[PDB]
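Heads up, the chain shows up twice below as C-alpha cells, two forms, tagged structure 1 and structure 2.
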Structure 1
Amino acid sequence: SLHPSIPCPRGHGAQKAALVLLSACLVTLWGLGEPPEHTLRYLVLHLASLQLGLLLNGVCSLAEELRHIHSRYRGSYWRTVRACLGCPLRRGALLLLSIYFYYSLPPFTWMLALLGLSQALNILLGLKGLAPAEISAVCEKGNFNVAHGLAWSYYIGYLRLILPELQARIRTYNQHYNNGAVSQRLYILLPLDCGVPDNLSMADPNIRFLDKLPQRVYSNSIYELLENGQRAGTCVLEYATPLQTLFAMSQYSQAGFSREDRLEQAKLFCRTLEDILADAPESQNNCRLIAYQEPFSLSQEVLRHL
C-alpha cells in the first residue's frame, strides 16, 4: 500500500506450520504402533519437565527482577511473580500437577537434577536465547518500537494542530491570490533511508520552491512540481522531522541505534503514521504521505500523487 518494502503485520504462519507438524507427528506415531499408555506417561512427564524448566527459568529471572520490585512493579511481589512466570494461577496449577505426576509416574530426583542442570546451563551460557524473528514478533505485537512513539508524538504534537487550520489558511491563500490553487492537503515526505536534505532543491532540481503558505505561524513550502520545465502542480510539502531524528540517532553512538534498526524503524514509522492518519478525526483527507526509497526522482512521485 504505502510502499512495497513496508512490512505488513505478521500472520499466523507459525500456527499453520505447527498444525502440519502435529498432523505429521500423529501420523508417524500411528506408523510406530507403540503402546500409548507409555506415550501418555512420557508426554505428561515431558510437559511436567518443561513446566519445571520454565519454572526454573522464571525463578532465575525473578532473582533479577526482585531488585526492580519497587521501580517497574510499584513494590508488589505478586506483580513481579506474574511478570517472571506468566499467569500465576495457570502456571501454579500446571506446576502442582507437574509435581504430582512427576512423583507418581516414574530414579525420581536424578531426572530433576539433570533437568535443572540443563536449564541453568541454558541461562548461563545463553542457550535459551531469542532469535531475531521472535524478538521482532514480540516487539511488533506489543508495540515496543521507537517508530510507534515517534509517529504518535508527531501526529499529536504537529499534525493535530495545523490540519484543522490548514484548509482555512489555503482558502485564504486562494482568495487573496489568483495565480494557482494549492490543495488543502499537507503533503508529507517519507524517505525510507531517513536522509532528508535541508531543502528540496538539493533533493531534486525539478521541484522548485514557489511561495510560502500564508499563516501561531507554520511555515509551508508550496513547490513548483515542474514536468519538463513547466508548472504541472502546486502542493504544500513539509518535511517529516521524525525520519530525520532516526538518522541522527543512527549517527550518535549513545543512542544504541544500528542502521538495520534505523531502516526498520523508518519502515514502521511510515506504517504506523499511515495507520494513525487513516482513522484520525482531524485528518479529513487533507493530509497525504509521500513515501519513497532510493533504488528515480522524487518529483515524479509527487506528480503521481497530484
Structure 2
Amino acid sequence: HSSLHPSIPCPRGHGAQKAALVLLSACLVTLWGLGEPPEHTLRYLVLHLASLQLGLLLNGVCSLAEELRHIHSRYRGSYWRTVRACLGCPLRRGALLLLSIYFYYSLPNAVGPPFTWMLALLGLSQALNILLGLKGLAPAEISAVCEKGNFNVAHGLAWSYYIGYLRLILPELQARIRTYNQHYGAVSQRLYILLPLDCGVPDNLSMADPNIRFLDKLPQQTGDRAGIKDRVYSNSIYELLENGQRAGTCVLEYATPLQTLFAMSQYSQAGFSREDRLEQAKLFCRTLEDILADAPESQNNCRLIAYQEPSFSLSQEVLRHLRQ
C-alpha cells in the first residue's frame, strides 16, 4: 500500500484477468447448458479469432503506411524495424495470420461470408473504424499502458529530481549540517521535502503559512555539472512556530517539479489539464517514494511530506512528522 497519503493510487493489479476468468467460466457453463453440437462452438470461436487477427493485420498495414515516412529518422531507416513496430512480433503474427487464413478458407462456415467476401467486409469495417476514429482506447486502458510502460511525465520529473538534486546533496547533507552545528542551531539530521498534490508551491514559503519563517542558510555546495563549473546547490534552514515559540527547525524545501506541472497546466501548448496535473503529481510522489526507498544514497537522510488542502496548518503537519 501507500503511506504518503490515502489519496495516492496504488499500482494497478490483475483484477481484469480475474473478471475475464469469471466471464470465461460463465460462458463455458452457458455453452454446456445449451447442449448443442460442441464442435460448432470451437469452429466459430476459431473463426472469430481469425477474423480479429485479419482485422489487426489490416489496421497494422494502414498504420505502416504512415510509419514508413518516418523510417529514416524514427526507425533507423530499416524496414524490418518498421514492420515489427507496426505489427509486433513478425514471426508470431505471421504464423497466426497463416493459421487464420487457412482455417477460414477451409473450415465450413454457416455464419459469416466466404473468404474473399469476408475479407472485403472486414477491410471495409477496419477502414471505417480508422477514418471515423470509432476505434479508441478508454482512459483507463491508456493510463494502464502508460504506467506499465512508464510513459508519464511524472516518471521523468521524479527521476530528474533524484538524479540531479538528491543524489548529490544527500550524502553531503550530514556533513554540511555537522559543520553548521559545530560552527554554530540544533537542526535536524534529515531533509524534509513538501509535496503539495495541488501543486500550489508558493515561491515564498512564509507566504504559505506565517508560522514558518526563515532562520538561516546552510553552507553552499559546489560541483561541476553539464559544463557549468562550480554549480551551486544551497538549502535554507527554517524555524517552525507554535504559539510564537520556536518548536523546531528543519532543512525544508518544496519540489520544483510540482511548480513545473502547475505552469504546464497554466500554458496551452503543453496540452496539460488540471486533472492530468493532479494525476501526474500523485504519480510523481509515488515514484519518488519508491526511488528513495530503493536508493542507497538516501539512508534515512531524507523525508517526504505529502498533503492536500481541504482548517489547514502546514506547520502542524511538519512538526508532527519532525517529532516522530
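Reference numbering: structure 1, starting with residue 1. Each form is matched to the other, and the largest set of C-alpha atoms that superpose within 1.5 Å is called the rigid core.
Checking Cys194, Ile222, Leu150, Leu94 for C-alpha shifts of 2 Å or more between structures 1 and 2, after the rigid core is superposed, gives a single hit: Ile222. The shift recorded for the CA atom of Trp78 between structures 1 and 2 is 1.1 Å, with superposition on the rigid core. Once the rigid core is matched between structures 1 and 2, the CA atom of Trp30 is found 0.6 Å away.
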